[PDB]
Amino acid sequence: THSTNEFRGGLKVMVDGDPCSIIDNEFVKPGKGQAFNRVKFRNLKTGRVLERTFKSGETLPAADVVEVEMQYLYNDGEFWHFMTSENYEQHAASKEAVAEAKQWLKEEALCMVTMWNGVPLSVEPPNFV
């Protein structure tokens, strides 16, 4: 759904089956060679960075992913719980899913939540509280 010209920071695309967000994109022409794009991704699943090139033709599928704010409520040790701070819709996350999130949880803190396919991936607090 998306093509190399459109590439840019924050754009969310599907890369090797993984949800990703573009950190930075650089167009380059080698003298003597084919032109192409040097792209860096944040892989929202593994949190890891990765870097890849594309010739001018190539595309990637759009990924539906968005960051919503919710307040952390509680944890059962398995899932962690939130609700949108907009209409108060409740959502829960997998243990791993929250990831590094765990040690920063203050009940009633309002966080930002990375969400793919109506299901949550990553959790980013208000920096420090």
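Start at 1 and count along the sequence shown; that's the residue number.
The deposited model assigns a higher average Cα B-factor to 67 to 75 than to the other stretch when 67 to 75 and 86 to 94 are compared. Higher mean CA B-factor, judged across 104 to 112 and 10 to 18 from the recorded values: 104 to 112. Ranking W80, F54, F27, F41 by the C-alpha B-factor listed in the PDB entry places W80 at the top. The deposited CA B-factor of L60 belongs to the lowest third of values across its chain. Per the PDB record, residue ranking by Cα B-factor puts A35 in the lowest third of the chain. In this PDB entry, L50 carries a Cα temperature factor that places it within the middle third of its chain's modelled residues.
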